[PDB]
2 protein chains.
Amino acid sequence: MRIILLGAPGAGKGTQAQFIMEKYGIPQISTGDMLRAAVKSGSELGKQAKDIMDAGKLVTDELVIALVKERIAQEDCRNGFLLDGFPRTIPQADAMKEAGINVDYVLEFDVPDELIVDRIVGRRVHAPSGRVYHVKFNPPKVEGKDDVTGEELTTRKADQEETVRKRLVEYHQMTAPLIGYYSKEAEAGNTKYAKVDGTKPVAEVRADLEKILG
Amino acid sequence: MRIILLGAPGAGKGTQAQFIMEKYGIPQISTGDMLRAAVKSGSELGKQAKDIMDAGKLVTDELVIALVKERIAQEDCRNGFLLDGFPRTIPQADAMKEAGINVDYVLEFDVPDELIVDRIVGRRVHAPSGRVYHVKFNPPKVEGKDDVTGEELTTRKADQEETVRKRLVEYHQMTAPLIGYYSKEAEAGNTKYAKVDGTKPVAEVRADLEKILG
Ligand SMILES: Nc1ncnc2c1ncn2[C@@H]1O[C@H](COP(=O)(O)OP(=O)(O)OP(=O)(O)OP(=O)(O)OP(=O)(O)OC[C@H]2O[C@@H](n3cnc4c(N)ncnc43)[C@H](O)[C@@H]2O)[C@@H](O)[C@H]1O
Ligand SMILES: Nc1ncnc2c1ncn2[C@@H]1O[C@H](COP(=O)(O)OP(=O)(O)OP(=O)(O)OP(=O)(O)OP(=O)(O)OC[C@H]2O[C@@H](n3cnc4c(N)ncnc43)[C@H](O)[C@@H]2O)[C@@H](O)[C@H]1O
C-alpha cells in the first residue's frame, strides 16, 4: 500500500499517519520529521536546512527528492509506505512520476488558513520522538508531558504565528496545485483520490479515513 | 539544574566544572573526557578522534552530538547535568534546541587571547583521575607528580604552542559565536547568562560561580 497525504501546513495530516501506519504495517516518510532529525543529528543537510526551515520556506527540491528517494529504497519500504509532507511542489511530484512511482491513494485534508493559525498556538511536541499533541483537541494524558517517556513537551520556535503565515503563503503558491495534479492522475487511473474535512475532531477524521480505505 | 560552560581555550572551565559537580550533585559531561575515554578503550571512535584532537582541531558535530545524546539519556542526568566543552559550534547548539534540550544557566569564562598560549603550554594532567595542574599558576605539591597517587604527570600532545594558536583561531570562527547565541537565548527568557572573569585566582572564580548558581 502506497499513500500520499496532501494538505496545508497545520491541517492535522501527521496526527492521522500513525493510524494508517498500523493498519497496513507501512512506514511513515515525513520530510518535516526527516529534516528536523537531520538538525538534531548535526548532519550536513541539517546544517544546510536549519536557516531555510526557520524562515518558513521550502527546502530545495533536489535535496528533498534525494532524501526521499534514498528513504524509499530501504528494506522497510519494499512492501509499501505513507508519504506525509511529500511531495510539496510540482517538480517533486513530477520527479516521482518520471521515476515510475505511482501510489494507491491520495488523501486531501481540507482546513482553512485562519483555523490553522488559531490551532497551531496549542501545538506541543515531544521534540525527540516527533510525537505531536494539541492542548485542547488532542491533549497529552498528563499536561505538559509526553505519554510514552514522561518528558516535558516543547513549543517549536517555528510555530510563531508569523512563521505559520509564511508556511501557508508558500503552501498556496507551490503546494495547493497538487490537488489538481493528483485529481488528474486519478482520472488517468493512476491512483484513487479522496478529500476529508480536517476541521472535524481527530476521531471523526480517523473514521472518515477508515471508510475511504476500508 | 542544567548548565553550559563556554570559554576560550585554557580559560579554566574544566577546573571549575569539578567544584560545580561536587557542590550541586550533578554529573560533569565533558566531550573531551568522553573522546579521550574512546582512545583509552581502542574503540573505532577513539581511532578516528585521536589525531584530530592531537592537532587541536574540532571532531565532527555528528559524532560529538551522538556521544552527548547517549550520555545524557543515563539515569544519573535525571536531575540535571553540566555541559563542559559542549556545545562548541552553532550546529551543536541548534541540535540541542531542535531536540528540546533547555538549560538553566550559560556561564562564559572571559580570558584575553594573550593569556591562552601560556595557560595551555603549562598544562599537566593525571589521566587516570582527570586531575589537571599548571606548572606555574596551579602547580602540583611535588614537581611532575600527581598529589594523590604520586604517578608521573603527562603533557597532552595538543598542549604545545603550535597547536594552541591554531585552536584560538578555530575558536574565533566556530566557538566564539556561541556567546552571542546564548546571550540572545537569555534575552528571550530561555536561560540565565553570566560572564565570569577567568583571569582571577581559581578560588576567586569558584566564589564568583557559587554566587551565580546559589
Ligand atoms: N517536501 C518538502 N519540500 C521542501 N521542504 C520541506 C518539505 N517537507 C518539509 N520541508 C521543510 O520542513 C519545514 C517543516 O515542515 P512542516 O511543513 O512544518 O512539516 P510538519 O511539521 O511535519 O507538518 P505540519 O506542520 O503540516 O503537521 P500536520 O498539521 O500535518 O500535523 P500535526 O500533527 O502537526 O497537526 C497540527 C496540530 O493540529 C492538531 N490537530 C490534529 N488533528 C486535529 C483535528 N482533527 N482537530 C484539531 N486539531 C487537530 C495537532 O494535535 C497539532 O497540534 C517546512 O517549512 C520546510 O522548510
Ligand atoms: N564539543 C566538541 N566538539 C568538537 N570537538 C570537541 C568537543 N569537545 C571536545 N572536543 C575535542 O576534544 C579536544 C579536547 O577537549 P578538552 O579536553 O576540553 O581540552 P581543551 O579544549 O584543550 O581544554 P579547554 O580549552 O576547554 O580548557 P579549559 O577551559 O577546560 O581549561 P583547564 O581547566 O584545563 O585549565 C587550563 C590550564 O590553566 C590552569 N588554570 C585553570 N584555572 C586557572 C585560573 N583561574 N588561574 C590560573 N590558572 C588556571 C589549569 O591548571 C590548566 O593548566 C578538543 O580540542 C577537540 O578536539
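A, B, ... follow the sequence lines: proteins, then strands. Residue 1 opens every chain.
- Remark: side-chain polar atoms of A:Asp147 are paired, donor with acceptor, to backbone N or O of A:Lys141 under 3.5 angstrom.
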Trace of the side-chain hydrogen bond (donor to acceptor under 3.5 Å, both in side chains) decision for A:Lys97 with A:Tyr181: CA-CA 11 Å; A:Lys97 189 173 166 63; A:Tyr181 190 94; 5.8 Å; no

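- With A:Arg2 contributing its side chain and A:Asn102 its backbone, the two residues share a donor-acceptor pair below 3.5 Å.
- Of the possible polar contacts, none joining the A:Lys47 side chain to the A:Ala38 backbone as a donor-acceptor pair under 3.5 Å is found.
- Pairs passing the salt bridge (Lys or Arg N to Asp or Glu O under 4.0 Å) check and including a residue from residues 100-115 of chain A, sequence neighbours excluded, read A:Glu114-A:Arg165.
- Looking at A:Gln92, its side chain never comes within 3.5 Å of a backbone N or O of A:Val64 through a donor-acceptor pair.
- A salt bridge is defined here as a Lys NZ or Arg NE, NH1 or NH2 lying under 4.0 Å from an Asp or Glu carboxylate O, and A:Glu151 with A:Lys145 fails to meet this definition.
- Summarising the geometry of A:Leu178 relative to A:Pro87, their closest heavy-atom pair is CD1-O, 3.2 Å, with the distance given to 0.1 Å.
- In terms of modelled atom types and a separation under 3.5 Å, the side chain of A:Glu170 and the main chain of A:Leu58 share a donor-acceptor contact.
- Under a 3.5 Å cut-off, the side chain of A:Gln16 and the backbone N or O of A:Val202 do form a donor-acceptor pair.
- Between A:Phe86 atom CZ and A:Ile4 atom CD1 the span is 8.5 Å, to the nearest 0.5 Å.
- With hydrogens and angles disregarded, a donor-acceptor distance shorter than 3.5 Å links the side chain of A:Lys166 to the backbone of A:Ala55.
- With hydrogens and angles ignored, the 3.5 Å screen pairs no side-chain donor or acceptor of B:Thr199 with any backbone N or O of B:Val111.
- Side chain of B:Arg71 to backbone of B:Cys77: no donor-acceptor contact under 3.5 angstrom is found.
- The number of heavy atoms from other shown groups lying within 6.0 Å of CD (B:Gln173) does not exceed 12.
- Classification of A:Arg119 and A:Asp159 as a salt-bridged pair fails, no side-chain N sitting under 4.0 Å from a carboxylate O.
- Enclosure of atom NZ in A:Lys200 by more than 12 non-hydrogen atoms of other residues, nucleotides or ligands within 6.0 angstrom is indicated.
- A ring-ring contact (aromatic ring centres under 6.0 Å, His included) check over residues 134-167 of chain A, counting only residues at least two apart or in different chains, returns the pairs A:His134-A:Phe137.
- Atom NZ of B:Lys195 sits in a crowded spot, with more than 12 heavy atoms from other residues, nucleotides or ligands closer than 6.0 Å.
- Salt-bridge check for A:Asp208 with A:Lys211: failed, with every basic side-chain N at 4.0 Å or more from each acidic carboxylate O.
- Between B:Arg78 and B:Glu75, at least one side-chain N (NZ, or NE/NH1/NH2) sits under 4.0 Å from a carboxylate O, which counts as a salt bridge.
- Remark: of the listed residues A:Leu83, A:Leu82, A:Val103, A:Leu82 is the sole one forming a side-chain contact (heavy atoms from CB on, under 4.5 Å) with A:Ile3.
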A:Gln160 and A:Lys157: CA distance, side-chain angles, deciding distance, side-chain hydrogen bond (donor to acceptor under 3.5 Å, both in side chains) verdict: CA-CA 6 Å; A:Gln160 281 188 330; A:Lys157 186 120 281 175; over 6 Å; no

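- A:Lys69 places no side-chain N or O within 3.5 Å of a backbone atom of A:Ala99 that could act as its donor or acceptor partner.
- For B:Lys23, the NZ atom counts as densely surrounded, since its 6.0 Å shell holds more than 12 non-hydrogen atoms of other residues, nucleotides or ligands.
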